[PDB]
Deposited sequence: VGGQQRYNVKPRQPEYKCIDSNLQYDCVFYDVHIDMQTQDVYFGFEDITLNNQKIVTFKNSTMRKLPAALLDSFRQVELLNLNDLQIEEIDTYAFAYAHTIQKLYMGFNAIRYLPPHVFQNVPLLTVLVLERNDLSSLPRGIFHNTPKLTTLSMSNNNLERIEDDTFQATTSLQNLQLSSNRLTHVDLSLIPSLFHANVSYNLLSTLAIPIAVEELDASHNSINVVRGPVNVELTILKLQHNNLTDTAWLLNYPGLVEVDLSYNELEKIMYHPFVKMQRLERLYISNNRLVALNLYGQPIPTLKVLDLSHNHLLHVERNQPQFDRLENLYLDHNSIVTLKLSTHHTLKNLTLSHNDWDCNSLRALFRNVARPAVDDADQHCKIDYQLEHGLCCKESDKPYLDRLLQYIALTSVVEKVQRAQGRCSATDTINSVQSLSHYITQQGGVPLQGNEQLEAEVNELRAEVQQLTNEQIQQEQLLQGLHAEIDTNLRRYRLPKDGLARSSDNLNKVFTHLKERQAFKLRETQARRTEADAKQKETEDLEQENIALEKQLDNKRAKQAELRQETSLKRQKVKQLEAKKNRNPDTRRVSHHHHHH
């Protein structure tokens, strides 16, 4: 018979199947001509189609496809043999569907595969040997799936894999150092806690994990390294990446920065360290001569002035949100961008500083000052002959509020007092391990701890923090979703308006044919009127 039969429509692509709809009950389908050899279109896609299951019938009848675009076709299952005859596919696009699993030898016969996108599906794992036969694979994306592990053999035969996207899965293990060809990779928004870095990758984004350990061979090509939002607590590992140009260590757990891990960086320009727990910084012992942007904002820096020899050499220096008391710049400094607000300035230090830098180079400002402070050049400052002594006293005064916080009748009492002293010791022991953990959670979430407040108040500080954080994240996601829906709407309206522009093109062709008939009919009449005039 050949009852349901779908045919190409040359337009970018040389084959576009239209209005195809397969579901889970659908039994038999036919693509192109019966004579498989007339089906030699190389660049195939679908329009207005939805294929719950990708039929074996498609590349059974089309064995000459180079680029197969199955993006966003509600695919949920791939037929165990849909790719048995797919020898020629170089580029396979299957993003944005609902594929839950790949059949184990689904790519055993596409050995010229160079590009594969499976982003935004429901993969939970990869079958052993899934890529053992695509040695030519150069770009692979599986961002937005639910993967938990990439086993170590996964990429043993793909010795050209250059661009790997795994962003936004649930990954707790993946060893990139086993894929030495990597050129670009993104494993951001996973659950990693160690990051192995392969020998020659040049841009790597592993932000939003829980990394605390970085490892892998010295790699001199690594240029951009994004690690913002992790669990980093030391930086010595940096010594191994002498070629960095930018590194982002923001939203980590660093407590100090020293120059030692940077001494081998021949071309570092951009170093981001906002939002750690920096209490000290020494980048002056050996300055980084090439650096241009250094972001230290939102930490606990107090004394940074000896860093003058590094700061003088920067273009962009963000000190905001700290407790910096003094800062010192040469008349010859090169800053074009400087942030200074929200610290604890000494007025003498601010006045001398604003002899050498002025707004608009200083990019921010304070609004209101505490009781003994007043604005100079737009920032709060207190007058003092010995600012550091002063800050040391201020601090101690806040903490000391907390640091101020029948003789048978005699034998029965000594007993009573011992039994009570024991109940009281036991009470502290019993709730000890708990008080430890409350303090660990206030440190973890950067909450400030009121050494006055009763214990259930600190415990509420953690819970109130978590609940607010959940709510704000949820509202934010709702917003993003509202935005996606709105943008899908727009594309649905656009396609409707394109159909109407096409119907108009259709009417105008009909009008052109009519007019062309009317023209010849007049050309005729006028020829007749001329003979009748000899």
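**Prompt:** What stretches of this chain's deposited sequence are missing C-alpha coordinates?
**Reply:** No C-alpha for residues 1-10, 22-23, 418-453, 583-597.
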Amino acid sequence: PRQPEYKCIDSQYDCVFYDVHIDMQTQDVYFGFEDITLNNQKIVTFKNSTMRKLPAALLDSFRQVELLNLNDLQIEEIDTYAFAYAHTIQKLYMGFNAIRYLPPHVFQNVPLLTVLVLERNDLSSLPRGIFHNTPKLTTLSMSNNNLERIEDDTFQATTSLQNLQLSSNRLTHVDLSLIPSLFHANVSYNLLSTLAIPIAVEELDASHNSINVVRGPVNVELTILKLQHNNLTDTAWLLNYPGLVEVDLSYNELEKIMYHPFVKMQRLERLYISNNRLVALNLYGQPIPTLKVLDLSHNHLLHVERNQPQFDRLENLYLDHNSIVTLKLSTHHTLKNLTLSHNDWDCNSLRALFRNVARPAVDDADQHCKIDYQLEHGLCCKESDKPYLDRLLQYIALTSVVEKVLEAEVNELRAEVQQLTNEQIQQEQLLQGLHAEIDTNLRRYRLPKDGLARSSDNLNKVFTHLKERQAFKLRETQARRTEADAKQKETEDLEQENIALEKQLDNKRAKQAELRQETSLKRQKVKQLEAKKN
From here on, numbers count along this sequence of modelled residues.
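**Asked** Averaged over C-alpha atoms, is the B-factor higher for 329-337 or for 364-372 in this PDB entry?
**Response** It is 364-372 that shows the higher mean C-alpha B-factor.
**Prompt:** Is the mean CA B factor in the deposited entry higher across 507-515 or across 19-27?
**Reply:** If you average the C-alpha B-factors of 507-515 and of 19-27, the larger mean comes out for 19-27.
**Prompt:** Looking at 66, 495, 483, 476, which has the highest Cα B-factor in the entry?
**Reply:** Highest C-alpha B-factor among the listed residues goes to 66.
**Request:** Between 295, 221, 428, 234, let me know which has the highest C-alpha B-factor in the entry?
**Result:** By C-alpha B-factor in the record, 428 ranks first.
**Message:** Among the modelled residues of this chain, does the Cα B factor of residue 126 put it in the lowest, middle or highest third?
**Reply:** For residue 126, the deposited C-alpha B-factor lands in the middle third.
**Request:** Would you mind checking where the Cα B-factor of residue 467 ranks among the modelled residues of its chain, as the lowest, middle or highest third?
**Result:** For residue 467, whose C-alpha B-factor we compare with every modelled residue in the chain, the answer is the lowest third.
**Asked** Of the three thirds of its chain by CA temperature factor, lowest, middle or highest, which one includes residue 111?
**Response** It falls in the top third of the chain.
**Message:** Taking only the Cα B-factors deposited for this chain, tell me whether residue 251 sits in the lowest, middle or highest third.
**Reply:** Its C-alpha B-factor, which the entry lists for residue 251, ranks in the lowest third among residues of this chain.
**Asked** Looking at the C-alpha B-factor of residue 451, is it in the lowest, middle or highest third of its chain?
**Response** Ranked within chain, residue 451 CA B lands in the highest tercile.
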